[PDB]
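Coming up is one lone chain in structure tokens, specifically the form deposited in one PDB entry.
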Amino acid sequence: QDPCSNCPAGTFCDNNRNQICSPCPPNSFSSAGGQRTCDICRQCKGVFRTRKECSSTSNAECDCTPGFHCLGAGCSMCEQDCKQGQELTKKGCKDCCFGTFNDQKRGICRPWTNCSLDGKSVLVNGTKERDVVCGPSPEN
């Protein structure tokens, strides 16, 4: 068989010391069992900020500095924050044109829901920061 399967997360199977399971050195982790070398903790500096500090079992988790929002999977790239009611596009960030909105500091502007198409009234008209909330369907 192969006894490195026995080694839990937080340790590695040391091929120099006859497959004993020693814990992970400083600034290092192993997220699964069986690993022959521990992995280096990601360090969050500059554009990023440490959210969850790294353990022996788990990597570090990086936020983005205030005014910025994590772009990719795992907060890899880092994009800037427009305010509510705006959309950052090409050439900077601009307010949403009338009839559009954005409820977050992220993303594009979507057009308002059109209530008239389901026979519905408009209970509260939309702004640039919130959508129209539609009234009761005329099937009631």
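A residue's number is simply how far along the shown sequence it sits, counting from 1.
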Of 85 to 93 vs 99 to 107, the stretch with the larger average CA B-factor in the entry is 85 to 93
Name the higher of the two by mean Cα B-factor in the PDB entry, 15 to 23 versus 125 to 133.
-> 125 to 133
Would the CA B-factor of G46 place it in the lowest, middle or highest third of its chain?
-> middle
Using the B-factors in the PDB entry, rank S55's C-alpha atom against the chain and give the third, lowest, middle or highest.
-> highest
Classify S28 as lowest, middle or highest third according to the C-alpha B-factor given in the PDB entry, relative to its own chain.
-> middle
Name the third of the chain's ranked CA B-factors that contains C62, choosing lowest, middle or highest.
-> highest
In terms of the CA temperature factor given in the entry, to which third of its chain does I40 belong: lowest, middle or highest?
-> middle
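The discussion below concerns the form deposited in another entry, not included here.
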Rigid-body hinge position between the shown form and the other one, taken from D81, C96, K120, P23 | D81
